[PDB]
>>> print(open('query05.txt').read())   # compact mmCIF, N, CA, C and O atoms and all ligand atoms
# COMPACT_ATOMS: atom_id res chain seq x y z
N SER I 1 -3.15 -10.98 19.65
CA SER I 1 -2.21 -10.68 18.57
C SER I 1 -0.79 -11.09 18.91
O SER I 1 -0.36 -10.96 20.05
N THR I 2 -0.05 -11.57 17.90
CA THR I 2 1.34 -12.00 18.07
C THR I 2 2.25 -10.76 18.02
O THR I 2 1.80 -9.73 17.51
N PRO I 3 3.53 -10.84 18.45
CA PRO I 3 4.42 -9.66 18.32
C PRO I 3 4.52 -9.11 16.88
O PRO I 3 4.51 -7.89 16.72
N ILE I 4 4.58 -9.99 15.85
CA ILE I 4 4.65 -9.53 14.45
C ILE I 4 3.38 -8.76 14.07
O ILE I 4 3.49 -7.67 13.50
N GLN I 5 2.19 -9.28 14.42
CA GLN I 5 0.92 -8.60 14.14
C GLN I 5 0.87 -7.22 14.80
O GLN I 5 0.45 -6.26 14.15
N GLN I 6 1.38 -7.10 16.04
CA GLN I 6 1.42 -5.82 16.77
C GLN I 6 2.36 -4.84 16.05
O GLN I 6 2.00 -3.67 15.85
N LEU I 7 3.53 -5.33 15.60
CA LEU I 7 4.48 -4.51 14.86
C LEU I 7 3.91 -3.99 13.54
O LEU I 7 4.00 -2.80 13.23
N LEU I 8 3.32 -4.91 12.77
CA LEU I 8 2.75 -4.59 11.46
C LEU I 8 1.56 -3.64 11.57
O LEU I 8 1.40 -2.74 10.74
N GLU I 9 0.76 -3.78 12.65
CA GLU I 9 -0.34 -2.84 12.89
C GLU I 9 0.25 -1.44 13.12
O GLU I 9 -0.28 -0.45 12.57
N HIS I 10 1.37 -1.35 13.89
CA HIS I 10 2.03 -0.07 14.16
C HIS I 10 2.53 0.55 12.84
O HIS I 10 2.26 1.72 12.56
N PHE I 11 3.22 -0.26 12.02
CA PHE I 11 3.70 0.20 10.71
C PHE I 11 2.53 0.62 9.81
O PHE I 11 2.60 1.68 9.20
N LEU I 12 1.46 -0.19 9.75
CA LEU I 12 0.31 0.18 8.92
C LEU I 12 -0.31 1.53 9.31
O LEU I 12 -0.55 2.36 8.43
N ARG I 13 -0.50 1.77 10.63
CA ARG I 13 -1.07 3.03 11.13
C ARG I 13 -0.21 4.20 10.69
O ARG I 13 -0.72 5.21 10.20
N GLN I 14 1.11 4.04 10.81
CA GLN I 14 2.07 5.08 10.43
C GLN I 14 2.11 5.31 8.92
O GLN I 14 2.25 6.45 8.47
N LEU I 15 1.96 4.24 8.14
CA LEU I 15 1.92 4.36 6.69
C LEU I 15 0.68 5.07 6.22
O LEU I 15 0.78 5.97 5.39
N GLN I 16 -0.51 4.70 6.77
CA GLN I 16 -1.80 5.31 6.43
C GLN I 16 -1.85 6.80 6.75
O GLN I 16 -2.50 7.56 6.03
N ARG I 17 -1.09 7.23 7.80
CA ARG I 17 -1.00 8.65 8.18
C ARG I 17 -0.39 9.46 7.02
O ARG I 17 -0.67 10.65 6.89
N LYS I 18 0.45 8.83 6.19
CA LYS I 18 1.10 9.46 5.05
C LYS I 18 0.17 9.57 3.83
O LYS I 18 0.54 10.19 2.82
N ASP I 19 -1.04 8.99 3.92
CA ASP I 19 -2.05 9.01 2.84
C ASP I 19 -3.34 9.61 3.47
O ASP I 19 -4.33 8.89 3.65
N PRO I 20 -3.34 10.92 3.84
CA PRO I 20 -4.52 11.48 4.55
C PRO I 20 -5.83 11.50 3.76
O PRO I 20 -6.91 11.44 4.35
N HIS I 21 -5.73 11.55 2.42
CA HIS I 21 -6.91 11.51 1.56
C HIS I 21 -7.49 10.10 1.42
O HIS I 21 -8.57 9.96 0.85
N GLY I 22 -6.77 9.09 1.89
CA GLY I 22 -7.19 7.70 1.79
C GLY I 22 -7.22 7.16 0.37
O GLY I 22 -7.97 6.21 0.12
N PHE I 23 -6.36 7.70 -0.57
CA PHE I 23 -6.32 7.18 -1.94
C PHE I 23 -5.96 5.68 -1.97
O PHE I 23 -6.38 4.97 -2.88
N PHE I 24 -5.17 5.21 -0.99
CA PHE I 24 -4.72 3.82 -0.92
C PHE I 24 -5.46 3.00 0.17
O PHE I 24 -5.07 1.88 0.48
N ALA I 25 -6.54 3.55 0.74
CA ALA I 25 -7.26 2.88 1.82
C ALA I 25 -8.02 1.63 1.41
O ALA I 25 -8.15 0.72 2.23
N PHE I 26 -8.56 1.61 0.17
CA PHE I 26 -9.38 0.50 -0.33
C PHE I 26 -8.95 0.05 -1.70
O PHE I 26 -8.31 0.84 -2.42
N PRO I 27 -9.33 -1.18 -2.14
CA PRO I 27 -8.95 -1.60 -3.50
C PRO I 27 -9.44 -0.63 -4.59
O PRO I 27 -10.55 -0.07 -4.52
N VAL I 28 -8.60 -0.44 -5.61
CA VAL I 28 -8.98 0.42 -6.72
C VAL I 28 -10.09 -0.27 -7.53
O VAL I 28 -9.95 -1.42 -7.94
N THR I 29 -11.20 0.43 -7.72
CA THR I 29 -12.34 -0.11 -8.47
C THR I 29 -12.23 0.23 -9.95
O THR I 29 -11.70 1.29 -10.30
N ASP I 30 -12.79 -0.64 -10.82
CA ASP I 30 -12.81 -0.42 -12.28
C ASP I 30 -13.68 0.78 -12.67
O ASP I 30 -13.45 1.37 -13.73
N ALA I 31 -14.63 1.18 -11.79
CA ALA I 31 -15.48 2.36 -12.01
C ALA I 31 -14.64 3.64 -11.97
O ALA I 31 -14.79 4.47 -12.87
N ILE I 32 -13.74 3.78 -10.96
CA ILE I 32 -12.84 4.94 -10.80
C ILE I 32 -11.68 4.88 -11.82
O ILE I 32 -11.28 5.92 -12.36
N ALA I 33 -11.13 3.67 -12.04
CA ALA I 33 -10.01 3.44 -12.93
C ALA I 33 -10.41 2.46 -14.03
O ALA I 33 -10.32 1.24 -13.83
N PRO I 34 -10.91 2.96 -15.17
CA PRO I 34 -11.35 2.05 -16.24
C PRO I 34 -10.27 1.07 -16.66
O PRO I 34 -9.12 1.46 -16.88
N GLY I 35 -10.63 -0.21 -16.65
CA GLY I 35 -9.75 -1.32 -17.02
C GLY I 35 -8.56 -1.56 -16.10
O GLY I 35 -7.60 -2.23 -16.49
N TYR I 36 -8.63 -1.05 -14.86
CA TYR I 36 -7.55 -1.25 -13.89
C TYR I 36 -7.24 -2.74 -13.66
O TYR I 36 -6.07 -3.15 -13.77
N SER I 37 -8.29 -3.57 -13.37
CA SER I 37 -8.18 -5.01 -13.11
C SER I 37 -7.54 -5.80 -14.25
O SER I 37 -7.00 -6.88 -14.02
N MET I 38 -7.61 -5.25 -15.47
CA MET I 38 -7.09 -5.86 -16.69
C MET I 38 -5.62 -5.52 -16.92
O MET I 38 -4.93 -6.27 -17.62
N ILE I 39 -5.16 -4.40 -16.33
CA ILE I 39 -3.78 -3.90 -16.42
C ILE I 39 -2.94 -4.39 -15.23
O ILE I 39 -1.80 -4.84 -15.42
N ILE I 40 -3.50 -4.28 -14.00
CA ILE I 40 -2.83 -4.62 -12.75
C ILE I 40 -3.16 -6.04 -12.34
O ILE I 40 -4.31 -6.35 -12.00
N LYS I 41 -2.14 -6.91 -12.38
CA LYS I 41 -2.29 -8.33 -12.11
C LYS I 41 -2.43 -8.67 -10.64
O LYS I 41 -3.16 -9.60 -10.29
N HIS I 42 -1.71 -7.93 -9.78
CA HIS I 42 -1.70 -8.16 -8.34
C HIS I 42 -2.10 -6.86 -7.60
O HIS I 42 -1.22 -6.15 -7.11
N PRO I 43 -3.42 -6.51 -7.52
CA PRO I 43 -3.80 -5.27 -6.83
C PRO I 43 -3.49 -5.36 -5.34
O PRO I 43 -3.48 -6.46 -4.78
N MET I 44 -3.22 -4.20 -4.70
CA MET I 44 -2.92 -4.15 -3.28
C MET I 44 -3.34 -2.80 -2.76
O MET I 44 -3.31 -1.82 -3.50
N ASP I 45 -3.76 -2.75 -1.48
CA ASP I 45 -4.19 -1.51 -0.85
C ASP I 45 -4.03 -1.67 0.67
O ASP I 45 -3.92 -2.80 1.16
N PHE I 46 -4.10 -0.56 1.41
CA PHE I 46 -3.96 -0.63 2.87
C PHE I 46 -5.03 -1.47 3.57
O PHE I 46 -4.74 -2.09 4.58
N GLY I 47 -6.26 -1.46 3.03
CA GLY I 47 -7.38 -2.23 3.58
C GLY I 47 -7.11 -3.72 3.50
O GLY I 47 -7.31 -4.43 4.49
N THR I 48 -6.65 -4.20 2.32
CA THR I 48 -6.28 -5.59 2.10
C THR I 48 -5.12 -5.97 3.04
O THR I 48 -5.15 -7.05 3.64
N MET I 49 -4.16 -5.04 3.22
CA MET I 49 -3.01 -5.25 4.11
C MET I 49 -3.49 -5.44 5.55
O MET I 49 -3.06 -6.38 6.22
N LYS I 50 -4.46 -4.62 6.00
CA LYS I 50 -5.02 -4.75 7.34
C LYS I 50 -5.69 -6.12 7.49
O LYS I 50 -5.48 -6.81 8.49
N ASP I 51 -6.45 -6.55 6.47
CA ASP I 51 -7.11 -7.86 6.49
C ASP I 51 -6.11 -9.00 6.59
O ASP I 51 -6.35 -9.96 7.32
N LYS I 52 -4.94 -8.86 5.92
CA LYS I 52 -3.90 -9.89 5.97
C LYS I 52 -3.19 -9.94 7.34
O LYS I 52 -2.85 -11.03 7.80
N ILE I 53 -3.02 -8.78 8.01
CA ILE I 53 -2.42 -8.74 9.35
C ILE I 53 -3.38 -9.46 10.30
O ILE I 53 -2.95 -10.32 11.06
N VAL I 54 -4.67 -9.10 10.27
CA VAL I 54 -5.70 -9.69 11.13
C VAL I 54 -5.81 -11.21 10.93
O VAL I 54 -5.97 -11.96 11.90
N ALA I 55 -5.64 -11.68 9.68
CA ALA I 55 -5.72 -13.11 9.36
C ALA I 55 -4.40 -13.85 9.62
O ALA I 55 -4.34 -15.08 9.48
N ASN I 56 -3.35 -13.09 10.02
CA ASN I 56 -2.00 -13.56 10.34
C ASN I 56 -1.28 -14.13 9.09
O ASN I 56 -0.46 -15.05 9.19
N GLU I 57 -1.57 -13.54 7.91
CA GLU I 57 -1.01 -13.95 6.62
C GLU I 57 0.45 -13.54 6.47
O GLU I 57 1.19 -14.17 5.70
N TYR I 58 0.88 -12.50 7.20
CA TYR I 58 2.27 -12.06 7.10
C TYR I 58 3.13 -12.77 8.14
O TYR I 58 2.93 -12.57 9.34
N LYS I 59 4.12 -13.57 7.68
CA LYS I 59 4.98 -14.29 8.63
C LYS I 59 6.31 -13.61 8.90
O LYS I 59 7.12 -14.08 9.72
N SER I 60 6.55 -12.51 8.20
CA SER I 60 7.75 -11.71 8.31
C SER I 60 7.47 -10.27 7.89
O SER I 60 6.51 -10.02 7.16
N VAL I 61 8.33 -9.35 8.34
CA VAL I 61 8.29 -7.93 8.01
C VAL I 61 8.61 -7.80 6.51
O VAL I 61 8.00 -6.95 5.85
N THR I 62 9.49 -8.68 5.96
CA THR I 62 9.85 -8.69 4.53
C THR I 62 8.59 -8.84 3.66
O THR I 62 8.42 -8.08 2.70
N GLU I 63 7.68 -9.77 4.04
CA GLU I 63 6.43 -10.00 3.31
C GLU I 63 5.53 -8.77 3.32
O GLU I 63 4.94 -8.43 2.29
N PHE I 64 5.42 -8.11 4.48
CA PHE I 64 4.57 -6.92 4.62
C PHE I 64 5.12 -5.77 3.76
O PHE I 64 4.37 -5.11 3.03
N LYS I 65 6.45 -5.55 3.81
CA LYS I 65 7.14 -4.52 3.04
C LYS I 65 6.93 -4.76 1.54
O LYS I 65 6.75 -3.80 0.79
N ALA I 66 6.89 -6.04 1.12
CA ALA I 66 6.68 -6.42 -0.28
C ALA I 66 5.31 -6.00 -0.77
O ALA I 66 5.19 -5.48 -1.88
N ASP I 67 4.28 -6.18 0.09
CA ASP I 67 2.92 -5.77 -0.25
C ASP I 67 2.81 -4.25 -0.33
O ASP I 67 2.11 -3.74 -1.22
N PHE I 68 3.51 -3.53 0.56
CA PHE I 68 3.49 -2.06 0.51
C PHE I 68 4.13 -1.58 -0.78
O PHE I 68 3.57 -0.71 -1.47
N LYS I 69 5.28 -2.18 -1.15
CA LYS I 69 5.99 -1.82 -2.38
C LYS I 69 5.09 -2.11 -3.58
O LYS I 69 5.00 -1.27 -4.47
N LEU I 70 4.38 -3.27 -3.57
CA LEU I 70 3.44 -3.68 -4.63
C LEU I 70 2.40 -2.61 -4.86
O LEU I 70 2.18 -2.22 -6.01
N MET I 71 1.78 -2.13 -3.77
CA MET I 71 0.75 -1.10 -3.81
C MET I 71 1.29 0.16 -4.50
O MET I 71 0.62 0.71 -5.38
N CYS I 72 2.49 0.61 -4.13
CA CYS I 72 3.09 1.80 -4.72
C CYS I 72 3.48 1.58 -6.19
O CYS I 72 3.23 2.44 -7.03
N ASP I 73 4.05 0.42 -6.50
CA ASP I 73 4.45 0.04 -7.86
C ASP I 73 3.25 -0.02 -8.78
O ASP I 73 3.34 0.48 -9.91
N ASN I 74 2.11 -0.57 -8.30
CA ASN I 74 0.88 -0.63 -9.11
C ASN I 74 0.43 0.76 -9.51
O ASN I 74 0.13 0.99 -10.67
N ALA I 75 0.40 1.70 -8.55
CA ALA I 75 0.01 3.09 -8.81
C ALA I 75 0.97 3.77 -9.78
O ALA I 75 0.53 4.61 -10.56
N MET I 76 2.27 3.42 -9.72
CA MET I 76 3.29 4.00 -10.59
C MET I 76 3.32 3.38 -11.99
O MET I 76 3.94 3.95 -12.89
N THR I 77 2.66 2.22 -12.16
CA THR I 77 2.52 1.50 -13.43
C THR I 77 1.31 2.05 -14.18
O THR I 77 1.43 2.40 -15.36
N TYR I 78 0.15 2.11 -13.50
CA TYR I 78 -1.12 2.52 -14.07
C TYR I 78 -1.23 3.99 -14.36
O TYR I 78 -1.75 4.36 -15.42
N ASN I 79 -0.82 4.83 -13.40
CA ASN I 79 -0.91 6.29 -13.52
C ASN I 79 0.33 6.89 -14.17
O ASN I 79 1.44 6.37 -14.01
N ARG I 80 0.13 8.02 -14.88
CA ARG I 80 1.21 8.76 -15.51
C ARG I 80 1.98 9.57 -14.47
O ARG I 80 1.40 9.91 -13.44
N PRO I 81 3.28 9.88 -14.67
CA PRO I 81 4.04 10.59 -13.63
C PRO I 81 3.49 11.92 -13.12
O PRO I 81 3.80 12.29 -11.98
N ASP I 82 2.70 12.65 -13.93
CA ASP I 82 2.19 13.97 -13.55
C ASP I 82 0.95 13.96 -12.64
O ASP I 82 0.51 15.04 -12.21
N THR I 83 0.42 12.77 -12.31
CA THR I 83 -0.80 12.59 -11.52
C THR I 83 -0.58 12.62 -10.02
O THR I 83 0.53 12.33 -9.56
N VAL I 84 -1.65 12.89 -9.25
CA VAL I 84 -1.58 12.92 -7.78
C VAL I 84 -1.28 11.50 -7.24
O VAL I 84 -0.46 11.38 -6.33
N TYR I 85 -1.88 10.45 -7.86
CA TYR I 85 -1.70 9.08 -7.40
C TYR I 85 -0.28 8.62 -7.56
O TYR I 85 0.29 8.07 -6.63
N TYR I 86 0.31 8.90 -8.73
CA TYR I 86 1.72 8.58 -8.98
C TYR I 86 2.62 9.31 -7.99
O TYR I 86 3.44 8.67 -7.34
N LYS I 87 2.47 10.66 -7.86
CA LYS I 87 3.34 11.46 -6.98
C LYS I 87 3.28 11.02 -5.52
O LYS I 87 4.33 10.92 -4.86
N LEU I 88 2.07 10.69 -5.04
CA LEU I 88 1.90 10.22 -3.67
C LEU I 88 2.50 8.84 -3.50
O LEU I 88 3.20 8.62 -2.52
N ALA I 89 2.24 7.92 -4.47
CA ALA I 89 2.80 6.57 -4.40
C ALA I 89 4.34 6.61 -4.29
O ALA I 89 4.90 5.94 -3.41
N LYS I 90 5.01 7.45 -5.12
CA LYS I 90 6.47 7.59 -5.08
C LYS I 90 6.93 8.16 -3.74
O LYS I 90 7.87 7.63 -3.13
N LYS I 91 6.24 9.21 -3.25
CA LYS I 91 6.54 9.86 -1.98
C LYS I 91 6.43 8.87 -0.82
O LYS I 91 7.37 8.75 -0.03
N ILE I 92 5.29 8.16 -0.70
CA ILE I 92 5.10 7.23 0.41
C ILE I 92 5.95 5.97 0.32
O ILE I 92 6.31 5.41 1.36
N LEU I 93 6.31 5.54 -0.90
CA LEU I 93 7.18 4.38 -1.03
C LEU I 93 8.51 4.64 -0.31
O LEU I 93 8.92 3.86 0.54
N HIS I 94 9.17 5.76 -0.65
CA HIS I 94 10.45 6.10 -0.04
C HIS I 94 10.32 6.42 1.44
O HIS I 94 11.08 5.88 2.25
N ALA I 95 9.31 7.26 1.80
CA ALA I 95 9.06 7.66 3.19
C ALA I 95 8.69 6.48 4.07
O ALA I 95 9.15 6.40 5.20
N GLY I 96 7.91 5.55 3.52
CA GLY I 96 7.47 4.34 4.20
C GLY I 96 8.62 3.40 4.53
O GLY I 96 8.74 2.98 5.67
N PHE I 97 9.52 3.13 3.55
CA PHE I 97 10.69 2.29 3.77
C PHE I 97 11.63 2.94 4.77
O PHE I 97 12.09 2.25 5.68
N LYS I 98 11.82 4.28 4.70
CA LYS I 98 12.66 5.01 5.65
C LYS I 98 12.11 4.82 7.06
O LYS I 98 12.86 4.41 7.96
N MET I 99 10.79 5.07 7.22
CA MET I 99 10.05 4.93 8.49
C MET I 99 10.26 3.54 9.10
O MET I 99 10.50 3.42 10.31
N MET I 100 10.14 2.50 8.26
CA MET I 100 10.26 1.10 8.71
C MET I 100 11.70 0.69 9.04
O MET I 100 11.90 -0.29 9.78
N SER I 101 12.69 1.45 8.51
CA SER I 101 14.14 1.26 8.71
C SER I 101 14.63 -0.13 8.30
O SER I 101 15.02 -0.33 7.15
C1 LIG Z 201 -8.75 5.84 -5.14
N1 LIG Z 201 -7.34 5.73 -5.52
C2 LIG Z 201 -6.97 5.46 -6.77
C3 LIG Z 201 -7.85 5.66 -7.91
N2 LIG Z 201 -7.52 5.46 -9.16
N3 LIG Z 201 -6.27 4.95 -9.42
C4 LIG Z 201 -6.03 4.69 -10.83
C5 LIG Z 201 -5.28 4.66 -8.47
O1 LIG Z 201 -4.17 4.20 -8.79
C6 LIG Z 201 -5.69 4.97 -7.12
CL1 LIG Z 201 -4.48 4.66 -5.93
>>> encode(input="query05.txt", output="structure tokens")
Amino acid sequence: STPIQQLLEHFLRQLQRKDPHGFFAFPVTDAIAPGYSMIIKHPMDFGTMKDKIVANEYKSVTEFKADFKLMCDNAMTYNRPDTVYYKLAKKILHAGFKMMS
């Protein structure tokens, strides 16, 4: 692993700790979220992020942070503000960026 891959793995582990239920661990399926794929143009999740770190797809911390923000923004677009997914996405978006400094 390169220094960036080691850093991003550290950030990913710390971000996933903030989602103990694993709501963001895997891609959102159309079975759980009817018509999700039709509403959300660029889906993102922690699992996909791990696959991109392993494949060395992230060339900067800026790119990784963009994917994390995407994941949270998607949940805040699809879900209504009163839901657990929306509330967690908003919470981890701010906490995650703070953590990453
Ligand atoms: C499993 N997590 C889920 C399920 N449904 N929806 C709509 C979501 O946004 C998330 Cl993060």
>>> axis_aligned_box(input="query05.txt", around="stretch 55-68 of chain I", padding_each_side="6 Å", output="lines of an AutoDock Vina configuration file")
center_x = 2.1
center_y = -7.9
center_z = 4.2
size_x = 27.6
size_y = 26.4
size_z = 24.2
>>> atom_distance(input="query05.txt", atom1="atom CA of residue I:12", atom2="atom CA of residue I:49")
8.0 Å
>>> atom_distance(input="query05.txt", atom1="atom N3 of ligand LIG 201 (chain Z)", atom2="atom CA of residue I:32")
6.7 Å
>>> atom_distance(input="query05.txt", atom1="atom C4 of ligand LIG 201 (chain Z)", atom2="atom C of residue I:40")
11.2 Å
>>> residues_around(input="query05.txt", residues="residue I:55", least_positions_apart="4", cutoff="12 Å", atoms="only C-alpha atoms", output="number ranges by chain")
I: 1-2, 5, 48-51, 59
>>> closest_atom_pairs(input="query05.txt", of="chain I", to="ligand LIG 201 (chain Z)", cutoff="10 Å", atoms="only C-alpha atoms and all ligand atoms", output="CSV")
residue,atom,partner,partner_atom,distance
I:21,CA,Z:LIG201,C1,9.0
I:22,CA,Z:LIG201,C1,7.3
I:23,CA,Z:LIG201,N1,4.0
I:24,CA,Z:LIG201,CL1,5.1
I:25,CA,Z:LIG201,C1,7.7
I:26,CA,Z:LIG201,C1,7.2
I:27,CA,Z:LIG201,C1,7.6
I:28,CA,Z:LIG201,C2,5.4
I:29,CA,Z:LIG201,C3,7.3
I:30,CA,Z:LIG201,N2,8.5
I:31,CA,Z:LIG201,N2,9.0
I:32,CA,Z:LIG201,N2,5.6
I:33,CA,Z:LIG201,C4,4.7
I:34,CA,Z:LIG201,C4,8.0
I:35,CA,Z:LIG201,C4,9.4
I:36,CA,Z:LIG201,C4,6.9
I:40,CA,Z:LIG201,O1,9.8
I:43,CA,Z:LIG201,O1,9.7
I:44,CA,Z:LIG201,CL1,9.3
I:45,CA,Z:LIG201,CL1,8.0
I:71,CA,Z:LIG201,CL1,8.1
I:72,CA,Z:LIG201,CL1,8.2
I:73,CA,Z:LIG201,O1,9.6
I:74,CA,Z:LIG201,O1,7.0
I:75,CA,Z:LIG201,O1,4.3
I:76,CA,Z:LIG201,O1,7.7
I:77,CA,Z:LIG201,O1,8.6
I:78,CA,Z:LIG201,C4,6.3
I:79,CA,Z:LIG201,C4,6.0
I:80,CA,Z:LIG201,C4,9.5
I:83,CA,Z:LIG201,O1,9.4
I:84,CA,Z:LIG201,CL1,8.9
I:85,CA,Z:LIG201,CL1,5.4
I:86,CA,Z:LIG201,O1,7.3
I:88,CA,Z:LIG201,CL1,8.8
I:89,CA,Z:LIG201,CL1,7.7
>>> closest_residue(input="query05.txt", among="I:90, I:10, I:61, I:68", to="residue I:46", atoms="all atoms listed in the file")
I:68
>>> select_by_dssp(input="query05.txt", residues="chain I", states="helix (DSSP H, G or I)", output="ChimeraX atom specification")
/I:3-17,36-39,46-54,61-78,84-100
>>> closest_residue(input="query05.txt", among="I:53, I:70, I:92, I:7", to="residue I:19", atoms="only C-alpha atoms")
I:92
>>> closest_residue(input="query05.txt", among="I:87, I:101, I:58, I:94", to="residue I:4", atoms="all atoms listed in the file")
I:58
